[PDB]
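Residue numbers (the UniProt record's numbering), protein chains in the order written: chain A, 20 to 521; chain B, 17 to 519; chain C, 17 to 519; chain D, 17 to 519. Each residue gets a CB set at the ideal place from its N, CA and C atoms; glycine is no exception. Everything below concerns the one structure shown next.
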Amino acid sequence: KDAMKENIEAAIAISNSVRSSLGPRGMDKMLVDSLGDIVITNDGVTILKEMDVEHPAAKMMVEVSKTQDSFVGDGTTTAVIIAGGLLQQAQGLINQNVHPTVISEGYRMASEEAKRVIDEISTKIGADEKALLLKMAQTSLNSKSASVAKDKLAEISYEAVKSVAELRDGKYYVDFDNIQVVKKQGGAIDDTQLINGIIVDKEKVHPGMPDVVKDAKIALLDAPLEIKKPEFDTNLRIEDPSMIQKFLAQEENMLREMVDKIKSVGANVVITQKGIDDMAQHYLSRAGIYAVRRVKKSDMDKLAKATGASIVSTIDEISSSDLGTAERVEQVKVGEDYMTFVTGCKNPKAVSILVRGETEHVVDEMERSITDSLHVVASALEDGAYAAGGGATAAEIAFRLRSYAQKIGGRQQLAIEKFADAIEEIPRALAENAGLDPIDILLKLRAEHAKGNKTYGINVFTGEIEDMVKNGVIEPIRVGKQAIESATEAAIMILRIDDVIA
Amino acid sequence: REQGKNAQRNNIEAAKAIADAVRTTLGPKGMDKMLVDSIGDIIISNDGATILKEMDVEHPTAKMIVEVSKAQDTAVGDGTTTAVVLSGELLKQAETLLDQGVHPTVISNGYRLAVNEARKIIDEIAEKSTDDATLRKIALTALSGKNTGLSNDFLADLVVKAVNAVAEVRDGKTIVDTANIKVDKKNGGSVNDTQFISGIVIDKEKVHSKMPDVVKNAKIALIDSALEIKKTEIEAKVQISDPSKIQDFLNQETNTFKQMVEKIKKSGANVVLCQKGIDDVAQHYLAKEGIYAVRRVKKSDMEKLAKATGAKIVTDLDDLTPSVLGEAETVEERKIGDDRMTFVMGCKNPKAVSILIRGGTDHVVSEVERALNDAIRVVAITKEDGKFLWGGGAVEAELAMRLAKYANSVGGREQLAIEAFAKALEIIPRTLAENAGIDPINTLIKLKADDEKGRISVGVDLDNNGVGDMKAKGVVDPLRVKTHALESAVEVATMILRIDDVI
Amino acid sequence: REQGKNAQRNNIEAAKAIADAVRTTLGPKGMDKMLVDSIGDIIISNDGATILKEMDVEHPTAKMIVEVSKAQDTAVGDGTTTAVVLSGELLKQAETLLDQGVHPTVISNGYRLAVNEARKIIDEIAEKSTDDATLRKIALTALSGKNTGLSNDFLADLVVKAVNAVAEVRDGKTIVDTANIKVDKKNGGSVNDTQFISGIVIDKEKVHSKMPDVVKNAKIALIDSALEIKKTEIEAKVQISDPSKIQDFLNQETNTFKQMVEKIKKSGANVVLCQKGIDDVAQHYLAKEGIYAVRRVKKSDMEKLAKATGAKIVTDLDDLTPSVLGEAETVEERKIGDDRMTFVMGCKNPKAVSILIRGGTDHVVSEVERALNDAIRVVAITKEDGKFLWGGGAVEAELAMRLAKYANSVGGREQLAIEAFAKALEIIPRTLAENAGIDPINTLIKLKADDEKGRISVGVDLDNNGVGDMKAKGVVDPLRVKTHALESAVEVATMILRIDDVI
Amino acid sequence: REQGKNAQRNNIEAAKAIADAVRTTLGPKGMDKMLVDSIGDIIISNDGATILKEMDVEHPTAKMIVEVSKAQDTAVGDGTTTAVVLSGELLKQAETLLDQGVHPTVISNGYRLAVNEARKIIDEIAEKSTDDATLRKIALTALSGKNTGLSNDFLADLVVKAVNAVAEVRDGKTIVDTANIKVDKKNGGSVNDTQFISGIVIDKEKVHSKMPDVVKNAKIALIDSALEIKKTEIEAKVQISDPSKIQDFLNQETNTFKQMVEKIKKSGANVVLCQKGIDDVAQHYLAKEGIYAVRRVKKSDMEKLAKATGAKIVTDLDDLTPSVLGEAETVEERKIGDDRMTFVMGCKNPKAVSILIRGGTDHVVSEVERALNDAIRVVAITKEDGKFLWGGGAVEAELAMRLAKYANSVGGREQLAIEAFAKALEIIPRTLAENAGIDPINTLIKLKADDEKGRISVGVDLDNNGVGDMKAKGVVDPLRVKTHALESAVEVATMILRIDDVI
């Protein structure tokens, strides 16, 4: 009765704090934390992970609705919007004494039928690959503040994914450890570029190291370049003043040797996750080796893949088989900062995107936006099919559930019709957001789909129901399946709970 | 401190309150409870034992009812909610008798007479069968009011399959150690993605990249100690006077790790599962030699693996002989969800299997696992006993009818207590009616008639909207869980009924 | 948390408030702001980036505008105040459109159309010239509203002179690393006392009195490590059993320092610049041998000196060969103000110069340095780009006139946004009018006419009291700073305009 | 106290806030506001004058805008909301000019130039007609956004009917005293139950049961004084020494009341409407004599009745001659709703009518009465002026277009102010768009085109969803209310714009 009334309202509240961010006329959110950190975004996954939800129902709505399985396009915002719809509609049905178990069965079924409608009405990507994917990446950027440069960023998203995509069983596989995305402020959004190689935001460890090394043999380490102290308690016992010299000599010699090993195997560059002793820095420098230290592990993993190096933890046991390869490693100044560009890698399916923005908070959102585009085109390439956006595919599913409901008659049917009304939350949000009339757009939308117009959607620019694929507003088939998947699980979880206790 | 009437009415009131807290979890149409703490946080379950174990019960008398969540013989499936709800009703029905002037001890005697009889009637009416089909019906029933989706028949089958795989026959009797069934979960979505593995699944990745992704015809070494540098017990300090010694000391260490690995190689082991850590240099040489190693393996897994592969858990590597090595056709690492887990398959001992549950949400995979575990227990018990009972309040209805008659064959005061116990049993069929949303009063009226016409298997049917044959619908309850749910309820109700003063 | 209208009107209000905080710093007649903290204390500047970086902004939306102080491409000279003031106006002008019913996104689209056009118009109208005379006009303009006295022409000349000294030509293009121009200050009064040195000036005295005051034909050793007694990494303890040993141990130390100095002498170095400390005994023997040493030299200086003299920064003295030594005609110590600084002149590499600023007050030498640094940047940029723009709001006036027309060639909603962007640009010429104390409204009226008659170079003239030709008065703005000030403003205004809820 | 900018920005902000409070009441699709106090309680109205008169405005500047609710010439219908909303917009649009540097006085001069022009344009474009049909269109329009149900055409007709009944012609001109139209209400449901009575309706019952329910050919006496025992001014005390006197004194009183009634009868009056009380003994003899009496009649009614019947209000009964008696065919009491009211019909003067409103809810009959009263006013004004204007923002759109041109024919500064006044007028058509829920921005775009193509009568049409011809839909506004709404707005905006300091 009440535990439910409350849980449901807490949940719907989350649904509405995200609703206005859906689509081409969607707005962003500014989220300020207790520590004062600020995040301004349109990304529904960031908004949710950010907002401080207290109510346990809200925490669950957030967790389950997260579309966790993948964060492609606006799957999470769409999931959340539908969960709120499904929940709000369940409220009504419960007011009529429909047992929450019927409702959960109905939702479960309608959910299954809906995934089916999508597979059915979907469309395989054909000889149109390049044009389709571009249109997809633009649709995505269209929702973001990155729209401003959607055509250039879309090209970058396409080029990058296409470069790292493996066409295996006649199928495509895209490994993101081949795409390095780095952000640097102090440039316009247009200055964003695709570099064929791996950029690492770090500079040479010592001023005397070279700024460029052609045909680099890269040593990737995971251990620090320092003296090793025994594990058992150890003490030097000096009784002869003369040994004091011999001892310090032995230490410096240990470091000099470590460098000799790395260099003896042909290493040209040394990139470590850990530290490099000041004296070791001297030696590498003197040997003319370009070294960078305290590198990000994620950066290490990407360098290994592109250069074909193996990350070594036992310098002593290092060998040439372990060395990576690249046509050139060079320090370049990107704005204020100095970065290291490893170009012409052994593995050519290795790329980087240098995201620019004038301001910190601008460049942050640009990277968020570009990482979205990459996942959109990559999942479309992988799935092989696409569905029309603009609320077209949702209006269709809604249309096709109202039929199926009458086939699966009974009380289940009420839950199934309610599930259809909920899916219509998408076209409503889109209309509401663009400044159109929901109740008006909805009626026309239903008409077109009844008359078999599968791809008909909401053109928020003209404010007219048109062909979404013709106009290019299309999305990966995956976004819709997951969103309806996450949405129904989130709603069923709250629907089954009749009490909250500590 | 409270004495007499005040102490008793209060205790009864408390018992009833805690029963109410789990009441709605009973049956196919059970609801869930969300339990929230301070740090760890939210738990959503339909499991009565979980709910009570987590609940923050304040009252002493309520802390006593909650103890039923720990009686291993009762706390499986709806056994817990059945015992708690019944204690509540037994105490409630008693209150009336106390009011009339009946002494708490004769009431306790009545309940003892009643429960002993009931325990007899159910062994009398218990249905025999070791039919895999019935086992499946036990699981389907056990998974009924949980948030598992529609995959139940698929899950039920996994259960029977796992159970029949480790079930063994001792002197004429079937014994099933559930500890041989390794159940684990991984957030990947689907549920239908749950797998049945003929081997031990280990949530651990191989320690080093250069180690093989798969080992065939594996001679497995199970190791207790850390493959790290060990310091002596009596304090030791190293004193270097020769600058040259420093290297040597640094080398003795390397050579120490080299030997560790030599010993392992010498035994023929090609896989090393360590319960503890493995130094990076040891990982280096293990990979160099081609041995597949996993570290910091749980003791529980160490033990299951020793069981499945025939390996002896060794602590001192010098006792690492080919005699203590286990065997398995394949040891392979494969990515499940976002993690990489190690699969030990084709073990020397076939009586070991694993169930890798999938389901997404996290908060669902947990209850599903919670579900599959109960299901495994109930199916295992029945596999052993070979007997079961009809569900849906059918058993209680029979009992309520018979004890109502057996009461007449008993003396005055006790008779009253036994008629009270008979009424109390109706709290189960009524709870199922209420939960399904049907009329309690009329379902009971119908249920009574049919069981009196001799229809032993008629329980509460949601579909037929009222009563119906459970035999056809296949709703079956294991025996052991029933008898213990009745017995627990009686023992606890008596403990509480006897208190006349709480200080 | 605030939603919709309340959230937006509020954000706009905030942006406007912070713009007001820097507004009056714009131009030749800019005022200063006194920023006071708790411990360090008072800062007086006209620099907008400094003011904002120091300001204690509370509001999130204001913290966002303040971020422009860090966009290295904008935060030079009036670039910062221009970007902030414009964001404020862009947000203010937007508020009107939001009121009419225009969607924040079409407003954002309008601004994007407008700024892209403007960026085109200015490259079109940009004036080319690498003429040293124009460079001087860039500096004079950059030093305009600062408390530098009348010495500006003298300073401007120093700037061009320094810039042209380190400017180099790569493949056909002039690149100027400002990091080669070492600017430092010393409280001695005068300002006209600022010197241009062909070498590196180091705020460090020679470590020991007996060391030469001047070294000619210097072979300079740059050293990374401390010239002190170094203890081993692995703990070491000395044990003396013979009373005689104590002296020997005390002597090994002396001899250790003696050798350090021997190594240095052996390389031919006669000057030693150490990044760290130098023990007193080492100072003793260095002075004894006639080597001029400085210690605890900043890494920044170590690096500039390695750059200028060709010296390799060495850490292990055993690798101190004549190959790693730098060269300079003279290394002399000379008293500047109250301090004694070391002057390294006639370096192997001519592309390194220093500017020793003087000016007294301390709080003036700081801004003057703050000034000279911006001036150096702007002159450096222009040296590279070879193009510039007319100052005094001339550029904005042209842009405002053109975009006002370009708006017509655009669709309804966007057109509104583009007319709003055109109005926003007038906030610059108006701010200069207001600051100079002249009538804003009439200056704009006049300015518009003249630029429309084709007088591209007419900006706001304090003298003519209204508008006037900047071409004659020589007020010129670098290009790069303009385009980025417009771009920053637009990117940030859009970020803020898009928020409809602050939680 | 606040000075300068702070004082002004603040005043403008205040004005805007109060305008927002009534904004949504504008038009056919206006919303209501619920005003709640402490004791009396809830008021629900769409009337802007009512809302503002009741509102608890704190701010002084807001107390000034609220004063428009009292300007009798403006506060009728939407005149109030139009004046307030426009003042808000005039002050808002001014803020921009103040920002640019325009002096509050030239802005005030611009507005004066603008409003004087506008007042001319509307007399130019005013449509003439005394056509009863147009009168009906005035009322229908006046009753548009009120909670009156669908009975509007029925009400509109009552209005015209009442107006034409009391309308009279002086030297060539039609004068309509609304005070001759007595509007009253009674909670009986229906609304269509509203009656139009040719006489004066009085919410008063006859004082005594035995008095006739109906009097035909009535000679009506209107009396000012109480028909009670009157004590002398100079204190009087009665002293009885003879027990017999007590009766006599008690009788003088009776006889006193008997004479009162004799005087009344002697004049031929057969009805007595007393403004005060009537003693019970007087009621006795009045009923005895067959005179119909009502007491404690409101002075307002006393006056209307003297007007309608030709009766002279008499205070001293001795001056109650047949010359001062009024006439009416029928004086009848009849039950209306739950009350019994007196109906004086067929009065000597035909120029007096009543409207007895019905409607149930109470809180509806009140607004309906509130509505009918405005409607009566507007219809009355137009009846007199003979001219009207097109509704739906048609007038404002024409004005906005013309003044936009007239601005060009004016000098610099003033021109700016006049373009600002022209923009301000668009706040009306935009408010109607917003309220109807249609797109403000596009309706304005369309509206501008059509009025520029010469379509003077095109206003905002809810139906056509955008703009449309008001001529066809019949939405008409009276002239007088328009001109005064513009004038009020300007006078008040100037008062506020001129303040630079609030102490």
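Review point. Closest to C:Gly342 by CA distance: which of C:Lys320, C:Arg350 and C:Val380 is it?
Key: Closest by alpha carbon: C:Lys320.
Check your understanding: How would you list, in chain order, the residues of chain C whose beta-carbon sits under 9 Å from the beta-carbon of D:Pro456?
Key -> Per Cβ cutoff of 9 Å: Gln116 and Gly117.
**Study point:** B:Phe265: contacting residues in chain A (beta-carbon distance under 9 Å)
**Key:** Simply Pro249, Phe251 and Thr253.
Review point. Is the beta carbon of D:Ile444 sitting closer than 8 Å to the one on D:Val38?
Key: D:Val38 sits away from D:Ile444, with the two beta carbons spaced by 8 Å or more.
Check your understanding: By the criterion of Cβ-Cβ separation under 9 Å, what are the contact partners of C:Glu319 in chain A?
Key -> Below the 9 Å Cβ cutoff, chain A contributes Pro226 as neighbours of C:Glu319, in chain order.
Check your understanding: Is there at least one Cβ from chain B nearer than 8 Å to A:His118's Cβ?
Key -> It does: the Cβ of A:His118 has a partner Cβ on chain B nearer than 8 Å.
Review point. What three-state label does DSSP hand D:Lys247 in the structure shown?
Key: If DSSP states are grouped into helix, strand and coil, D:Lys247 belongs with coil.
Exercise for review: Would you kindly check if the distance between the Cβ of D:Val330 and the Cβ of D:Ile218 is under 8 Å?
Suggested key: With a cutoff of 8 Å on beta-carbon distance, D:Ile218 and D:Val330 are scored as not near each other.
Exercise for review: Compare the C-alpha of B:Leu113 against each of B:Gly428, B:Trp406, B:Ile213 and B:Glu74 and name the closest.
Suggested key: For B:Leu113, the nearest C-alpha among the options comes from B:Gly428.
Check your understanding: Taking only beta-carbon atoms, is A:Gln269 less than 8 Å away from chain B?
Key -> With 8 Å as the cut-off, A:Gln269 counts as an interface residue toward chain B.
Review point. Contact check, D:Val310 vs D:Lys222 under 8 Å by CB: the rounded distance?
Key: Yes, D:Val310 and D:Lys222 are in contact; Cβ-Cβ is about 6 Å, under 8 Å.
Check your understanding: Is any beta-carbon of chain B found at less than 8 Å from that of A:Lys265?
Key -> Residue contact with chain B for A:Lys265: present (Cβ-Cβ distance below 8 Å to some residue of chain B).
Check your understanding: Is it buried or exposed for B:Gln88, if we count other Cβ within 10 angstroms and need 16 for buried?
Key -> Exposed, by the Cβ-count rule.
Exercise for review: Name, please, each residue of chain D whose Cβ falls closer than 9 Å to the Cβ of C:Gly428.
Suggested key: Here the neighbours are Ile457, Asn458 and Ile461.
Review point. Given 8 Å as the limit, is there contact between the region 383-397 of chain C and the region 185-205 of chain C, that is, 3 or more CB pairs closer than that?
Key: Cβ pair count under 8 Å is three or more, so yes.
Point to revise | Listed by chain order, chain F residues near C:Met80 by CB distance under 8 Å | key: Looking at the structure shown, chain F is missing, and the protein chains on hand are A, B, C and D.
Review point. Is the region 136-151 of chain A touching the region 412-429 of chain A in the sense that three or more CB pairs, one from each, lie closer than 8 Å?
Key: The answer is yes - the region 136-151 of chain A touches the region 412-429 of chain A, with three or more Cβ pairs under 8 Å.
Review point. Relative to the C-alpha of C:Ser283, which residue among C:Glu251, C:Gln291, C:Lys328 and C:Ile294 is closest?
Key: Shortest Cα-Cα distance from C:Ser283 to any of C:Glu251, C:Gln291, C:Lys328 and C:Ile294 involves C:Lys328.
Review point. Should C:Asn168 and C:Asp48 be called a contact, given that it needs their Cβ atoms to be closer than 8 Å?
Key: No, the Cβ-Cβ distance between C:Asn168 and C:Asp48 is not below 8 Å.
**Study point:** A:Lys265 in three-state terms, based on DSSP
**Key:** In the structure shown, the three-state DSSP call for A:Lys265 is helix.
Practice item. May I ask which residues mark the beginning and end of the beta strand (DSSP E) holding A:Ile31? Key: Secondary structure note for A:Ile31: it is in no beta strand (DSSP E), and the uninterrupted alpha helix (DSSP H) holding it is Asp21 to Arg38.
Point to revise | Residue range of the beta strand (DSSP E) that includes B:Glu140 | key: Note, B:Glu140: premise wrong, no beta strand (DSSP E); alpha helix (DSSP H) at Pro120 to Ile141.
Practice item. Kindly confirm or deny that the region 485-505 of chain C and the region 89-99 of chain C touch, where touching means at least three C-beta pairs closer than 8 Å. Key: A contact between stretches requires three or more CB pairs, one per stretch, nearer than 8 Å, and the region 485-505 of chain C meets this requirement with the region 89-99 of chain C.
**Study point:** Beta-ladder partner(s) of B:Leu372, from DSSP
**Key:** According to DSSP, B:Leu372 bridges with B:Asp200 and B:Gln211.
Review point. Is there contact here, the region 273-284 of chain A with the region 206-225 of chain A, by at least three beta-carbon pairs under 8 Å?
Key: Counting Cβ pairs under 8 Å, fewer than three are found: no touch.
Review point. Below 8 Å, can you find three or more Cβ-Cβ pairs linking the region 166-173 of chain A to the region 342-361 of chain A?
Key: With a cut-off of 8 Å on Cβ pairs, the region 166-173 of chain A is not in contact with the region 342-361 of chain A, counting fewer than three such pairs.
Review point. With which residues is A:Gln157 paired in a DSSP beta bridge?
Key: Bridge pairing for A:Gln157: absent [DSSP].
Practice item. Could you tell me which residues DSSP puts in a beta bridge with B:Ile352? Key: DSSP lists B:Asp355 as partners of B:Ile352.
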